[PDB]
Enquirer: 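Take this structure first; my questions come after.
Heavy-atom basis, side chains included; hydrogens, waters and symmetry copies ignored. Reminder, nothing fancy here: chain letters follow the sequence lines and each chain counts from 1.
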There are 2 protein chains.
Amino acid sequence: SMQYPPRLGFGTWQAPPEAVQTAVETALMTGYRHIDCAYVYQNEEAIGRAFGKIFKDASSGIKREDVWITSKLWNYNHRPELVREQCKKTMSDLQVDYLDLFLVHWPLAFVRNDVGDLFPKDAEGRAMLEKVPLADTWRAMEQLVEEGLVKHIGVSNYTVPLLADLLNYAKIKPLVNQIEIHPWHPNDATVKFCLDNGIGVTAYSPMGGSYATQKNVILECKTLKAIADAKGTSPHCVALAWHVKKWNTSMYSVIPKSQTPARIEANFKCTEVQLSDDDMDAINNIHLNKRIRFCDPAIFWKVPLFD
Amino acid sequence: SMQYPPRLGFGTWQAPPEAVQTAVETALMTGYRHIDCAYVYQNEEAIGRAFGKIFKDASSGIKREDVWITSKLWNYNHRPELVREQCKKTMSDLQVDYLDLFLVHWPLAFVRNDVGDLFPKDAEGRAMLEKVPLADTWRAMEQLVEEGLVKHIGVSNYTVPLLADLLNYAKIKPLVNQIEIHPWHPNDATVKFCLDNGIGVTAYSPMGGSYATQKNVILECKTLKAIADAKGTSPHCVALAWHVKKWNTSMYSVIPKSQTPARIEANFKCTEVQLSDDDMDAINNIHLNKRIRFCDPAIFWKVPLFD
Ligand SMILES: NC(=O)c1ccc[n+]([C@@H]2O[C@H](COP(=O)([O-])OP(=O)(O)OC[C@H]3O[C@@H](n4cnc5c(N)ncnc54)[C@H](OP(=O)(O)O)[C@@H]3O)[C@@H](O)[C@H]2O)c1
Ligand SMILES: NC(=O)c1ccc[n+]([C@@H]2O[C@H](COP(=O)([O-])OP(=O)(O)OC[C@H]3O[C@@H](n4cnc5c(N)ncnc54)[C@H](OP(=O)(O)O)[C@@H]3O)[C@@H](O)[C@H]2O)c1
């Protein structure tokens, strides 16, 4: 019954196990119906406890089929024989029998070493990569849909030419591309390319995220704070409202994260904010003065995927 | 090699998976040889990546047999048949073939429901308990020693009468009792009872912990502050030095936790701190003016275990 992820979703990166169960419970009870997960976030079992508690309880008013659940194939599981195994492990942890969506997390194949390092690195701090064609990984992802383990598959951090090439050999097309989009990195050409080619888009770090002590770039933005103040809301909600007005299609969704119940609830009201054309112009100007790609493997893995 | 846990250990409660690997690696490389873990800390797999890496090759300089590794049976696994199952799971996560010590985490048997809630509570917010005699659980713990899965077994949060009764039914004696001990909760009568009966003692929250937002009571103490200042050290090293001078026996250990590399290294120098007899009297008087048991299930589970 859902064709694409619900427009307003909920992220789980960096939420420790001890916070994320309460966070997901709060999101679900607040009304979010799209939860973004990943194996590499090291918290799927805690999330699964939230799903089990809510979906098994006929009193919560929320059933499994009301919720879109996404997870992601980690970089060290790109060898085809590892794809189904991780899918099943992720589902077991999440206490689900199927995923709505399973993504290739990055177009980077990491070695899977004998201690199971999530981020294997050589002495220079560069990620240790494995020889796995992206098409081999994709074919393995397709088999998950054929078996019925997952309803849809997609990609994340794929660039235009990777998407173009995928479209030329995919038997099952990627449902979406999940990529970094926010007022400091609007990513317009790539979004348009996806949507023009019938691929949905999911905006990660939609409020600018928590990145290098980690900082929240949104807290320094005078433009977002001025619009928020004048409208009796938060800069967070103004950012989220900007996404959904800018790209007014059910094929585009946002996945804001908080592990703080008050913020989870407050962010859910972003759909009530009405931005003017002047508001949209002002926000669209932010990246002309400050443009930043935060989630850049050139930085943390010494692999310049986006160059 | 080790009859009792090394005196200076390292705790891992509340360390998220994303921080705890680095934390454990920092501790081991600094010189700690006692790592305190638990299933319920939701981070054993991350800790395992540290152990797996370090113990794989002699080139690290630290062999498995150089390190004392403790874990703990969670409250929902008191049913005898669940004890070995959890022991094996814990060990798989930690990437070890044996534990030096496996503890009964609490003398509370929680129900293990169909969604695996770690903290099952009723409508009134009270923990939901299961009918499992403590002696039944203990017999199942003894089997782990007979099989060779663990070298030693022990208890945590056991009171004097529970310990007396255990000594009377045990075929394998508990090696230690792990309990809350710090300047605000010196726990003298219980410590003395254990040691007098040939049961070791491991001091958890040795610096007063991070507890109800969460606060560190040690940073408001003018007594530890004045002594730390006088001796050119931290209140943290003074509190740790107090423990090891007060109870000067190989049977008594402390497990200070930090997920912060600089603090992990700094705490390890507590052994160089030379406290005087008047320093000891000053620290010993703190609980007369401020006595607090932080880790009290009367608060968070509505079960008054310590009353
Ligand atoms: N490669 C990938 O596919 C990829 C990469 C990045 C992210 N993602 C996904 O996208 C999700 C969202 O991105 P993100 O987590 O990077 O960043 P984000 O959602 O843009 O921002 C998260 C940060 O904002 C804070 N925050 C949220 N609401 C707030 C409010 N109302 N007031 C004040 N602070 C607020 C959070 O703090 P608290 O939590 O402390 O409240 C956290 O520090 C992730 O969780 C993950 O699911 C995917
Ligand atoms: N029921 C049980 O058997 C039980 C119960 C509680 C604890 N435990 C065990 O006992 C261990 C120790 O107890 P604990 O973790 O409750 O409390 P603790 O070790 O007394 O104190 C931990 C707190 O002190 C901070 N800290 C440590 N060293 C510091 C320094 N040098 N400077 C500034 N801050 C410092 C830590 O912050 P950062 O980490 O942010 O640096 C953390 O907030 C636990 O981790 C666990 O393994 C067992």
Side-chain angles (χ1 to χ4, degrees), chain A residues 16-22 24-25 43 45-55 57 93 95, chain B residues 12-14 36-44 70-91 93 99 102-144 153-159 161-163 165-166 174 177-180 204-205 211-212 293-307:
Chain A
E18 290 176 339
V20 77
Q21 186 187 335
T22 297
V24 168
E25 287 175 17
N43 62 7
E45 292 168 291
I47 300 167
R49 290 190 309 266
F51 292 153
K53 181 183 291 184
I54 287 168
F55 302 153
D57 178 8
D93 289 350
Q95 299 194 36
Chain B
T12 61
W13 186 32
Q14 314 188 265
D36 186 79
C37 309
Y39 175 96
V40 79
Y41 303 166
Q42 299 193 69
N43 63 7
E44 292 194 308
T70 300
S71 194
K72 313 188 191 76
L73 182 77
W74 184 240
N75 294 6
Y76 72 18
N77 283 328
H78 279 217
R79 276 177 30 220
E81 66 276 8
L82 298 171
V83 171
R84 186 176 181 278
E85 174 169 350
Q86 199 220 287
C87 181
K88 282 187 87 76
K89 200 260 166 162
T90 277
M91 293 195 296
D93 283 352
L99 299 174
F102 198 52
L103 306 180
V104 181
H105 206 148
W106 291 86
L108 295 167
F110 285 181
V111 293
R112 193 174 176 157
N113 66 21
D114 54 22
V115 300
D117 198 334
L118 292 168
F119 311 101
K121 286 176 191 193
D122 66 22
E124 311 315 312
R126 178 165 293 107
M128 296 179 64
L129 311 177
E130 179 117 318
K131 189 177 169 176
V132 186
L134 290 173
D136 294 355
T137 303
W138 190 256
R139 283 205 302 282
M141 296 286 286
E142 293 174 333
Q143 174 263 95
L144 308 173
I153 52 180
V155 297
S156 184
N157 299 302
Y158 275 44
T159 62
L162 291 186
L163 296 160
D165 201 40
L166 175 52
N177 187 21
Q178 182 176 305
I179 49 177
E180 187 177 349
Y204 80 69
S205 302
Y211 291 105
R293 185 195 286 280
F294 291 98
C295 196
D296 187 354
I299 310 156
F300 46 79
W301 301 328
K302 303 190 152 60
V303 183
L305 172 62
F306 296 116
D307 282 284

Enquirer: How would you list all residue pairs meeting salt bridge (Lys or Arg N to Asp or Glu O under 4.0 Å) that involve residues 116-130 of chain B, not counting sequence neighbours?
Expert: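 For residues 116-130 of chain B, and leaving out neighbouring residues, there are no salt bridge (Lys or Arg N to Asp or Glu O under 4.0 Å) pairs at all.
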Enquirer: Please name all residues satisfying salt bridge (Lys or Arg N to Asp or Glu O under 4.0 Å) with B:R139, sequence neighbours left out, ordered by chain then number.
Expert: B:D136
Enquirer: Any donor and acceptor pair, going by atom type alone, linking the side chain of B:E44 with main-chain N or O of B:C37 inside 3.5 Å?
Expert: no
Enquirer: State whether the side chain of B:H78 and the backbone N or O of B:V104 hold a donor-acceptor pair below 3.5 Å, judged by distance alone.
Expert: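 Here the side-chain-to-backbone pair does not exist.
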Enquirer: Evaluate B:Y41 against B:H105 for ring pair (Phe, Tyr, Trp, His ring centres under 6.0 Å), listing each step before the verdict.
Expert: CA-CA 11 Å; B:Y41 303 166; B:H105 206 148; 5.8 Å; yes
Enquirer: Would you give me the side-chain donor-acceptor pairs under 3.5 Å for residues 296-307 of chain B, sequence neighbours excluded?
Expert:
from: B:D296; atom 1: OD1; to: B:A298; atom 2: N; distance (Å): 2.9

Enquirer: Do the non-hydrogen side-chain atoms of B:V155 and B:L162 ever get within less than 4.5 Å of each other?
Expert: no
Enquirer: Kindly say whether B:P120 contributes a backbone atom to a donor-acceptor pair with the side chain of B:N113 at under 3.5 angstrom?
Expert: no
Enquirer: Does a donor on one side chain sit under 3.5 Å from an acceptor on the other, for B:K89 and B:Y39?
Expert: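 Their side chains do not contain a donor-acceptor pair, so the 3.5 Å distance test is not met.
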Enquirer: Are B:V111 and B:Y76 close enough, and set up right, to give a side-chain contact (heavy atoms from CB on, under 4.5 Å), and what steps lead you there?
Expert: CA-CA 5 Å; B:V111 293; B:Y76 72 18; over 6 Å; no
Enquirer: Does some side-chain heavy atom of B:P107 sit less than 4.5 Å from a side-chain heavy atom of B:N157?
Expert: yes
Enquirer: Between B:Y211 and B:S205, does any side-chain donor sit less than 3.5 Å from a side-chain acceptor?
Expert: yes
Enquirer: Take B:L118 and A:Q21 through the test side-chain contact (heavy atoms from CB on, under 4.5 Å) and record every step on the way to the result.
Expert: CA-CA 11 Å; B:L118 292 168; A:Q21 186 187 335; 5.6 Å; no
